[PDB]
There are 2 protein chains.
Amino acid sequence: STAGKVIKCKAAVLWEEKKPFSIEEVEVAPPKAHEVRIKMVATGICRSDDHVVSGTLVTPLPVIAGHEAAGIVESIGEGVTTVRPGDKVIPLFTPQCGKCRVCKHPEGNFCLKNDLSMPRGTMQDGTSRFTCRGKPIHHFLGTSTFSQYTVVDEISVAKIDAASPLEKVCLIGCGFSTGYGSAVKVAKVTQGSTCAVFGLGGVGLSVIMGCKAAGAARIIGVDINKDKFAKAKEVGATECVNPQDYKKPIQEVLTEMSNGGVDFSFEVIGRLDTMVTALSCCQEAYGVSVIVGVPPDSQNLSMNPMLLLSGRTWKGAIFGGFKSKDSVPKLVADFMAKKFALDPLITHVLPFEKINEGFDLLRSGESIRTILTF
Amino acid sequence: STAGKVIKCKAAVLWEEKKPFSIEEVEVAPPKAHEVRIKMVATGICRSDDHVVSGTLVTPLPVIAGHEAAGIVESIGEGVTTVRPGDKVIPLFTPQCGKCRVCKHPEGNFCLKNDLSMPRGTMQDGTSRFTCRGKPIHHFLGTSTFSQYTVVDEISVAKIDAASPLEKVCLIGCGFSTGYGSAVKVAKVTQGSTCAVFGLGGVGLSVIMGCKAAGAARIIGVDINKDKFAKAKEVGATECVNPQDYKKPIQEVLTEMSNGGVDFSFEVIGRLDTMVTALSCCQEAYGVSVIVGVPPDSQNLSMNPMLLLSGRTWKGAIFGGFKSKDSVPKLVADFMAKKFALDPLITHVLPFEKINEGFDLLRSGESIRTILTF
Ligand SMILES: NC(=O)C1=CN([C@@H]2O[C@H](COP(=O)(O)OP(=O)(O)OC[C@H]3O[C@@H](n4cnc5c(N)ncnc54)[C@H](O)[C@@H]3O)[C@@H](O)[C@H]2O)C=CC1
Ligand SMILES: NC(=O)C1=CN([C@@H]2O[C@H](COP(=O)(O)OP(=O)(O)OC[C@H]3O[C@@H](n4cnc5c(N)ncnc54)[C@H](O)[C@@H]3O)[C@@H](O)[C@H]2O)C=CC1
Ligand SMILES: Cc1ccc(CO)cc1
Ligand SMILES: Cc1ccc(CO)cc1
Ligand SMILES: [Zn+2]
Ligand SMILES: [Zn+2]
Ligand SMILES: [Zn+2]
Ligand SMILES: [Zn+2]
């Protein structure tokens, strides 16, 4: 009944940095060729959405943010082949065009059609499908999931299991798949190893889950907020350390605890200092350190390259290293088969209209993931 | 006949930074338990020896430098089981104790008994075997090969093929093995890949040899000294570029030449700027960059961690990642079986007492490796 029509709906518009979202009426254009219009069912609040509000992550404003979500296809544009109206879908903040040199590489997942390197905040055709107060509103990572309806390019959506519980599997759209893959795919954590995970929010907890699945013997969670430790242990942390409790720098503490450095370290915060600390705490000859945290816009870190010359490996990754459109349906199939759990990441559930309370819960330290329901 | 006796011989002593080597009469103590005294046959001049003169590489002075060598065991201390008098041997500037967590790890080669991380310039027991007019002279990297005789710890020497030509296989003690391993073991260059090699000295030429052996399709050599290009192309470079020829940064030139970044890059100079340039020029989703060059003492580089979050891998290694005592004999056996060539690296052969002429040749840019012969 809305097919081929402009939809008027509620969305959370960010007009300026460091301001609350404005819940207001937007107009959502119908999909053009190779585009898909999705009725949102559930969206998580990721720290990367908050980085947009803070200006730590730069993307054009005004914007509809939100990138961790699940919904049901309302309609398809001409030429769409991979989803149909009524399908359950997760939007892909990292697309999979299937055509570019990265998509064709066996170990690449950062498709060259992404809007993350040089954000334009548009559809692939350089235009917006959102109007508010008669003005065009930017898209966010090709997703924009803080709206009752969104329009995505076909390369930025995956069809999932028709019986999927969308109020859980939204997390497969970002935080779970990012942390889990950071361990199983990017670091390739080995059986019997010692891991260190810096940051025990939803992504860091998912890194722990992946380290445990990979059979790590020791998983040391590190967080300045000791209220994060109990859940970190529930999902597999063998020990938790608060840097604030020690006189020595934490890389020194972790190097001692692991009898000369950890096998695998993960930076899951987004601070330059912890990126260098996490590198430093992995064993100097054969340690691996993964950057998962999104750093503050345009800022460089400083480091001593003797950290690498001894033998360390340093790497980072988007979305866990997963090829998004191949991986997300498989991840949902595994979730349905109970190969991993998402409920440990969900601490709060709120209606969409309470999005600003959801951001307050994240900022205060109280939540892991809040799931917003439409 | 000299077993158990002090040996009076000539060595090249570095008394002061930025001064010529001084040929001195030194006394070489007989080897103590688990020590081996070696008569030198040939030693290469590596840019790392020059980094001691320049103060780039800090080690206690006065010192007998030299680390890339081959010779014949003159005598063994109590308990030595791995070499006998008369054996051909290569000193190992990276030891292999076989007992530390690194030596037991399948990948690691930076044995914890090394004198590279915080140089002391001694034997394992904390003393020196060298005196000059009553004054103790420091060891360098547990090798000290700029001497007619040296004493090394048993963990810092490998027995090699009795038939091997010492005037060639001395390069297995450092520059050949470093560059070749960096490519074949550390980076794991793949068939049909595009590689970029920064620095076309003996170590960079050995990285090109390794890239070619691994079946790279394109090997781009980068050097500010265009006299290095002919020999780079002889050992497998498909193209050479001089950053001084271009009115834009070489990382942009190489990204354009490689249609959006190279598979594998190697920094084989020892400059912080080229370390970052080399990382940048590898493809942002799946590229790998290896630091080989020794950085200037205590200096940090600056870099944008978004270079790694996209998917790059950054690593470094000592001695090409080879477990020294295991690998050296097998590299020499491979040379004897014509699996690789060393003559392309050797531009000059001088007697030992002409060491300062050999360093002048390196500094002028004329030579790749000068071999000093005894
Ligand atoms: N690479 C990617 O594809 C993805 C990256 N990210 C990023 O991952 C990071 C984590 O995201 P969430 O888990 O949602 O965030 P979060 O804010 O829930 O978790 C971060 C944790 O770090 C802790 N923390 C803050 N400063 C600390 C310090 N100095 N030392 C130790 N712990 C510290 C906090 O107390 C918090 O528990 C963020 O930077 C986010 O932007 C999120 C998902 C995808
Ligand atoms: N990681 C390890 O185990 C080892 C490290 N090293 C290091 O590897 C490096 C190379 O050693 P060699 O091959 O013996 O030295 P080399 O001096 O023969 O070769 C270096 C080359 O870099 C080029 N160069 C200098 N500045 C440049 C610039 N700005 N841009 C591009 N090219 C530049 C020079 O013209 C020269 O050909 C040194 O830093 C040495 O200390 C050497 C062997 C062991
Ligand atoms: C660079 C970057 C931006 C946003 C996200 C989504 O969490 C990931 C990575
Ligand atoms: C750090 C370092 C010092 C010396 C050598 C020998 O070429 C390699 C690496
Ligand atoms: Zn693609
Ligand atoms: Zn996210
Ligand atoms: Zn060397
Ligand atoms: Zn060892």
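General remarks:
- Label spacing, shortest first and in nm, from B:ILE23 to its equivalents in the remaining copies (7 angstrom along Cα→Cβ): 8.9
- Environment charge at A:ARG363 (Cβ cut-off 10 Å; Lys +1, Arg +1, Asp -1, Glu -1): -2
- Taking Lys and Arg as +1 and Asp and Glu as -1, the other residues whose beta-carbon sits under 11 Å from that of B:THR122 total -1.
- Using the Cβ-Cβ distance between A:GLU27 and A:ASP326 with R0 set to 56 Å, the FRET efficiency from 1/(1 + (r/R0)^6) comes to roughly 0.95.
- For the stretch A:173-288: rounded, prolate or oblate by the Cα gyration tensor [a/c cutoff 1.5]: rounded
- Overall form of the stretch A:1-107 per C-alpha gyration tensor (a/c, 1.5; a/b vs b/c): oblate
- Order of A:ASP245, A:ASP49 under a 10 Å beta carbon neighbour criterion, fewest first: A:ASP245, A:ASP49
- Structure note, pairs A:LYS247/B:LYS19; B:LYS159/B:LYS315; A:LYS325/B:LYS104; A:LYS10/A:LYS231; A:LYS247/B:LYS185; B:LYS18/B:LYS185: Cα-Cα distances above 32 angstrom occur for A:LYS247/B:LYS19; A:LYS325/B:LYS104; A:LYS10/A:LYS231; A:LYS247/B:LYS185; B:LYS18/B:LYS185.
- Put a plus charge on the Cβ of each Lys and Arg, a minus charge on the Cβ of each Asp and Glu, and nothing anywhere else: the dipole of chain B about its Cα centre is then about 680 debye.
- Dipole of chain A, positive end: most advanced residue of A:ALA285, A:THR94, A:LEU272 [Cβ charges, Cα centre]: A:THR94
- Within the stretch A:114-151, the trypsin sites (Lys or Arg not before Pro) that combine a DSSP coil assignment with at most 15 other C-beta atoms in a 10 angstrom radius are A:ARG120, A:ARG133.
- Using a Förster distance of 41 Å, the FRET efficiency for B:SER1-B:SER54 (Cβ separation, nearest 0.05): 0.50
- Sorting the Cα pairs of the stretch B:297-345 by distance into bins of 5 Å, from 0 upward, gives 5, 13, 13, 16, 12, 10, 10, 15, 5, 0 percent per bin.
- For chain B, DSSP calls about 55 percent of its internal beta bridges antiparallel.
- Shape of the stretch A:90-181, Cα gyration tensor, a/c cut at 1.5: oblate
- Residue among A:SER75, A:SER298, A:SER54 with the largest mean-square fluctuation in a Gaussian network model of chain A, springs linking Cα atoms under 10 Å: A:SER298
- For B:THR122, inter-copy separations between label points set 7 Å beyond Cα along the Cβ vector come to 6.7 nm, shortest first.
- A simple count of charges around A:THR43, restricted to other residues whose Cβ falls under 11 Å of its Cβ and scoring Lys, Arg +1 and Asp, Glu -1, yields -2.
- Label positions at A:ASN356 and A:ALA213, each projected 7 Å from the Cα along the C-beta direction, are separated by 3.8 nm.
- Cβ charges +1 (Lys, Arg) and -1 (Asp, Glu), total dipole of the protein assembly as shown, debye: 1080 debye
- Per principal axis, descending, Cα span of the stretch A:211-369 in whole Å: 49, 35, 35
- Of all beta bridges that DSSP places with both ends in the protein assembly as shown, some 60 percent have antiparallel geometry.
- At 7 Å out from Cα toward Cβ: B:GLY134 inter-copy label distances (nm, ascending): 9.8
- The calculated FRET efficiency for the pair A:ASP343 and A:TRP15, based on their C-beta separation and a Förster distance of 35 Å, comes to about 0.50.
- Counting Cβ atoms of other protein chains within 10 Å of each residue's Cβ and taking the mean over peptide A:297-304 gives 5.
- 10 Å Cβ neighbours from other chains, averaged over peptide A:312-322: 5
- Net dipole in debye of the stretch A:176-312 [+1 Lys, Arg Cβ; -1 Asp, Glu Cβ; about Cα centre; nearest 20]: 260 debye
- In chain A, taking the dipole from charged Cβ atoms about the Cα centre, the farthest positive-side position among A:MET306, A:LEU342, A:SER258 is held by A:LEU342.
- Chain B residue nearest by beta-carbon to the axis mapping B to A, with distance in Å: B:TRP314, 2.
- Once the gyration tensor of the Cα atoms in the protein assembly as shown is diagonalised, the equivalent ellipsoid follows with semi-axes of 57, 27, 20 Å, ordered largest first.
- Per-residue shielding of B:94-107, expressed as the average number of other chain Cβ atoms within 10 Å of the residue Cβ, stands at 2.
Cβ atoms come from the backbone with ideal geometry, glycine included; neighbour counts cover every protein chain shown. Throughout, read-outs are computed from the coordinates displayed, never taken from laboratory work.
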